[PDB]
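In what follows, a structure is listed as structure tokens, so that the remarks can point back to it.
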RNA sequence: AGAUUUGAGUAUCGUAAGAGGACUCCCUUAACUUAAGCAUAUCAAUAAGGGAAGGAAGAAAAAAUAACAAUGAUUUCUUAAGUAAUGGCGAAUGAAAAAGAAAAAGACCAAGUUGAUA
RNA sequence: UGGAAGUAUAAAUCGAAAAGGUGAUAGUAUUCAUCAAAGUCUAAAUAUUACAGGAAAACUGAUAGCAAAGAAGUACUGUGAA
RNA sequence: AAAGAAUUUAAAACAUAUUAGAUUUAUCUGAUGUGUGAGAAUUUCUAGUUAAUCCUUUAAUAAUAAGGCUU
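Residue numbers (PDB author numbering), protein chains in the order written: chain lJ, 149 to 197; chain lQ, 2 to 205; chain lN, 6 to 160, 212 to 282; chain lc, 2 to 149; chain lk, 1 to 2, 4 to 18, 20 to 91.
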């Protein structure tokens, strides 16, 4: 799961293209603060399952 | 490792993705003040390489500098010189724009130490760098055995003496050997040593 | 004679006088003495290899180098981690030039290791190494029996590392170890038996054949492509 | 010794030995080797007739160690070991033991042939040999050895 | 006794002894290169070089590459690297 | 409303400034002078102008030499050497490896890996 | 710059890598040798005519030696730098 | 056709085979193995044939280029 509002965008831009090559399912949600609440932090760039 | 992809991605600066993002960043820095603090580095891969650590006492400053060349500062372009020195245009600064920008940031923030700097972008007029600065009087920096070298007295205004990587390259310290015979341990110190006329106490 | 004198520049600011020379001796000698009093092993000017000089103008002479290669320590059965602690210079940057260099500098380390007397890390007689030597002293004697025997009869796996010579002795303080282990033995007058083949060996033709062979490689390559 | 100069003997003479018609002025034709082709051409023609010009090929970086080759003639070979050893092996021939002269050990690389050798066999060890050097060593009953 | 100081077989007789270590890359660089190339694409001169290669002007693709890279050997690698992209497509 | 990002005001504890600059590291395109004129060159990293340092500073651990019977961080001294080379090839300018000594010391980040992850 | 078909730096444009740099005559190829750039630190050997404290001298001995052997950068001059 | 002993012990580059792992990409990574590279022929000379042949660009060659020497 990749946040859409990560700044700078250069840190997660390759993740869709890397996951596309390895056939790893990936989704992009809205809010790096929403992800951070899952892991009890202010923000969270990416979360995997 | 995430940062082995960012480094590979950052080498494709002519790609559409990086060109568009640099366009937005270069536009934004054209309106903000010339020297100002940014919250986090815009190139964390390159910032981490040059010594930035996300800890207290490490700050990032953005500086905008007018790239290109400038005329020789003589009134109305009039110099009372021989035709060998009668050039006004086409003369280039010895120090790189990165070294010049590092000194402007260091002068602005006299109480911090310039660690290193890198390149953000450029346009037809400006070039934007980012300067990694360290507070030498932070308790974290003082107590770090791997970093408290920056708390030495001799490191006061590093960039103005020529100790940073950007300012050391403009001194000629980019390699070793027969190509760098005149920049052995300092270009001006080397010349003084060779020109010394040694007069021993007992001489013929 | 046509004069070439470079005094057109301000030599008066380039003049360096040596009035401090008689006081450099006193400074350096006194500091050299002070280091010896502090830790006398330190001023020993740790042992160094016997490496040839560069170029054919000097290649027959030997001079002290910097540091033994990691292969020379292995050959002499010394750990590279312990080597720096007992006054041995170590230079990982040195590529082993030849087998002769490897053997010659392996003798230098072995000879130095025999003259070495390492004091115990703790001066008390209750030190573990001194105690350990007592505990296995019985095994040393039986070990020293079989080694002394198959040596005495003869005249592929060996120890990786030897033992550090550790004991308690009087402190005979020697200021350097390079002047105890000479680089080159004194050269006597060499002398040989004259044989019929020696009289017949034509040195000049060998020199010119060796030279002319090197100058005909171009003729070989040029005629090949035709 | 400033008391032995000519200045002390010319006190009282007005011009100090420099002439009245032509004074001792600052210059006498330029500073240094000035006018090498205009008014001092007769000096350079007379005393350095090849000063101006070019000759030979440039060596951008000359490796002066590759031209190092000390030389010794045949007559001077025995001086390396001295007359004491030379007389000791004066009555030797082929079959028995003969002294070896190590020119390289003494710093001599090439052996040239000049002068006359003593009429005794000898073994000469060196890096290079002249044609006449080997002839004179062989004509006396000796052998030549290469090195390096 | 001693060798000879002239020629190919030159030098004092000794047993000279190093390894020409290859500074290479692992098998994961192929994945990294493929990932970045998809996310980035090709530059203006790489795009212009692909067009020339398609028409069969291999020499013009090398002359163009040498112009934009400055080295004959670097131009050859880019020409081969680009033509490998065409074969995959 | 709440979760973040970014930017400010205020309070607390600190930090820079100025003096000195003999020695140290640098920026800048002086001219007088020499070339028997003079315009490249020389004077010359020289003068003046400007910045930054400490009791020393600078440099320092090979993308280094060499072509050897090979060496091995930096610095300083001897020699190479008024030599290779540069130059209206004129006036003039001008190194470095080898070799001999003083002293000797090597360690880190980044990237990679470990993730009930701190 | 001694570095000569470019030794070093900078600017405009261009811009790499399944690595590569150097072997100082430009170019291509094949071998060989030797290193592994584009981040940081690091004592010792070295310099010194600021200034402070000392010791010496084939130095000067009141027109000499620092400008200054006394309330010397003082008296005095200039709008001022001096 | 004629004279010729050649110097003497601590070894790594890998050209590789053969296996133990991993990989799909211009695919790599260890270890086992032999030779290589090993040392207790070479030169001269006469008649052929082939080739090269004014010197240099300093690790070795090549075709271009450049520099030398004489006029």
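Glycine is no exception: its CB is placed at the ideal position from the N, C-alpha and C atoms.
Practice item. Could you name each continuous beta strand (DSSP E) segment of 3 residues or more that falls completely within the segment 54-80 of chain lQ, going from the start of the chain to the end? Key: Here the runs fully enclosed are 59-67.
**Study point:** Spatially closest choice to residue 48/lc from 125/lN, 6/lN, 89/lN, 264/lN, by CA coordinates
**Key:** With distances taken between CA atoms, residue 48/lc lies nearest to 6/lN out of 125/lN, 6/lN, 89/lN, 264/lN.
Check your understanding: Starting from residue 125/lc and walking both ways along the alpha helix (DSSP H), at which residues does that stretch end?
Key -> In this chain, residue 125/lc is not harboured by any alpha helix (DSSP H); it is covered by the beta strand (DSSP E) spanning 124-126.
Review point. Going by C-alpha distance, which of 79/lN, 135/lN, 101/lN is nearest residue 114/lN?
Key: Residue 114/lN has its Cα closest to that of 79/lN, out of 79/lN, 135/lN, 101/lN.
Check your understanding: Taking just the CA atoms, how far does residue 30/lQ sit from residue 95/lN?
Key -> For residue 95/lN and residue 30/lQ, the distance between alpha carbons rounds to 53 Å.
**Study point:** Element boundaries [alpha helix (DSSP H), containing residue 151/lc]
**Key:** Summary: the structure shown does not reach residue 151/lc, with chain lc confined to residues 2 through 149, and so no result is reported for it.
Exercise for review: Give the range of the alpha helix (DSSP H) segment to which residue 166/lQ is assigned.
Suggested key: Note, residue 166/lQ: alpha helix (DSSP H), 166-170.
Practice item. Output, in chain order, the set of chain lJ residues within a Cβ distance shorter than 9 Å of residue 33/lk. Key: Those are 166, 169, 170, listed as they occur along chain lJ.
Exercise for review: Decide if residue 85/lc is buried, meaning its Cβ has at least 16 other Cβ atoms within 10 Å, or exposed.
Suggested key: Around the C-beta of residue 85/lc, fewer than 16 other C-beta atoms lie within 10 Å, and the residue is accordingly described as exposed.
Review point. Should residue 80/lk go down as buried or exposed, given a rule of 16 or more other Cβ atoms within 10 Å for buried?
Key: Buried, by the Cβ-count rule.
Review point. Between the segment 51-62 of chain lQ and chain lN, which residues of the former have CB atoms less than 8 Å from a CB of the latter, in chain order?
Key: With the criterion set as a beta carbon lying under 8 Å from some beta carbon of chain lN, the segment 51-62 of chain lQ has no members that meet it.
Practice item. Count the other CB atoms, across all protein chains shown, that sit within 10 Å of the CB of residue 135/lc; report buried if there are 16 or more and exposed otherwise. Key: Answer is buried; the Cβ neighbour count reaches 16.
Review point. Which two residues bound the contiguous beta strand (DSSP E) that contains residue 159/lN?
Key: Premise fails: residue 159/lN lies in the alpha helix (DSSP H), 142-159, not in any beta strand (DSSP E).
Check your understanding: So what's residue 12/lQ in DSSP terms, helix, strand or just coil?
Key -> Of the three classes helix, strand and coil, the one that applies to residue 12/lQ here is coil, per DSSP.
**Study point:** Amino acids of chain lk, ordered along the chain, whose beta-carbon sits closer than 8 Å to that of residue 162/lJ
**Key:** 37, 38, 41, listed in chain order.
Review point. Whose CA, out of 15/lQ, 106/lQ, 54/lQ, 114/lQ, lies closest to the CA of residue 130/lQ?
Key: Shortest Cα-Cα distance from residue 130/lQ to any of 15/lQ, 106/lQ, 54/lQ, 114/lQ involves 106/lQ.
Exercise for review: Could you tell me whether the segment 72-80 of chain lc touches the segment 102-119 of chain lc, using the rule of 3 or more Cβ pairs below 8 Å?
Suggested key: Flag = yes, the segment 72-80 of chain lc and the segment 102-119 of chain lc touch.
Review point. Going straight from the alpha carbon of residue 3/lk to that of residue 180/lQ, what length do you get?
Key: Because chain lk is numbered from 2 directly to 4, the model contains no atoms for residue 3/lk.
Check your understanding: Which chain lN residues are close to residue 191/lQ, counting only those with a beta carbon under 8 Å from its beta carbon?
Key -> At a C-beta separation below 8 Å, residue 191/lQ has no neighbours in chain lN, since its nearest C-beta there lies roughly 14 Å away.
Point to revise | Paired residues, beta bridge with residue 100/lc - DSSP | key: Looking at the DSSP output, residue 100/lc shares a beta bridge with 247/lN.
Review point. If you compare alpha carbons, which of 51/lN, 66/lN, 52/lN is closest to residue 58/lN?
Key: Comparing Cα-Cα distances from residue 58/lN to each of 51/lN, 66/lN, 52/lN, the minimum goes to 66/lN.
Point to revise | Start-to-end residues for the beta strand (DSSP E) that takes in residue 130/lQ | key: Start and end: 127-135.
Review point. Can you check whether the CB of residue 126/lc is closer than 8 Å to the CB of residue 111/lc?
Key: No, the pair does not count as a contact, with Cβ atoms beyond the cut-off.
Check your understanding: Given a threshold of 16 other Cβ atoms within 10 Å of its Cβ, counted over all protein chains shown, does residue 188/lQ qualify as buried or as exposed?
Key -> Exposure of residue 188/lQ is indicated by the presence of fewer than 16 other C-beta atoms within 10 angstroms of its C-beta.
Check your understanding: Residues of chain lk with a CB under 9 Å from the CB of residue 144/lc: which are they?
Key -> Under the 9 Å cutoff, chain lk gives no residues; its nearest Cβ is about 11 Å from residue 144/lc.
Exercise for review: State yes or no: is the beta carbon of residue 8/lk nearer than 8 Å to at least one beta carbon in chain lc?
Suggested key: Chain lc, which has no Cβ nearer than 8 Å to the Cβ of residue 8/lk, makes this no.
Exercise for review: Compare the beta carbon distance of residue 64/lQ and residue 102/lQ with 8 Å and say whether it is the shorter of the two.
Suggested key: Against a cut-off of 8 Å, the Cβ pair of residue 102/lQ and residue 64/lQ comes out as a contact.
**Study point:** Per-residue contacts from residue 124/lc into chain lN (C-beta, under 8 Å)
**Key:** Correct list: 248, 250, 254.
Check your understanding: Mapping DSSP to helix, strand and coil, what is residue 29/lQ?
Key -> Residue state for residue 29/lQ is assigned as helix, using DSSP reduced to three classes.
Check your understanding: What's the gap between the Cα of residue 154/lN and the Cα of residue 72/lc?
Key -> Distance between the alpha carbons of residue 154/lN and residue 72/lc is about 55 Å.
Exercise for review: Can you grab the Cα-Cα spacing for the pair residue 148/lc / residue 2/lk, in whole Å?
Suggested key: Approximately 5 Å between the Cα atoms of the pair.
Review point. If we call anything under 8 Å between Cβ atoms a contact, is residue 116/lQ one with residue 173/lQ?
Key: No, Cβ-Cβ distance for residue 116/lQ and residue 173/lQ is not below 8 Å.
**Study point:** Own chain, CB closer than 7 Å to residue 103/lN, minus 5 neighbours either side, in chain order
**Key:** Once the five neighbours on either side are set aside, residue 103/lN has no close Cβ partner at all.
Practice item. Would you mind reading off the limits of the beta strand (DSSP E) that contains residue 39/lc? Key: Residue 39/lc -> no beta strand (DSSP E), and no H or E assigned at all.
Check your understanding: Under a CB-based cut-off of 8 Å, is residue 153/lc close to chain lN?
Key -> Beyond the ends of chain lc as shown, which are 2 and 149, falls residue 153/lc; an answer cannot be given.
Review point. Any idea what DSSP makes of residue 34/lN, helix, strand or coil?
Key: Looking at residue 34/lN - three-state DSSP - the assignment turns out to be helix.
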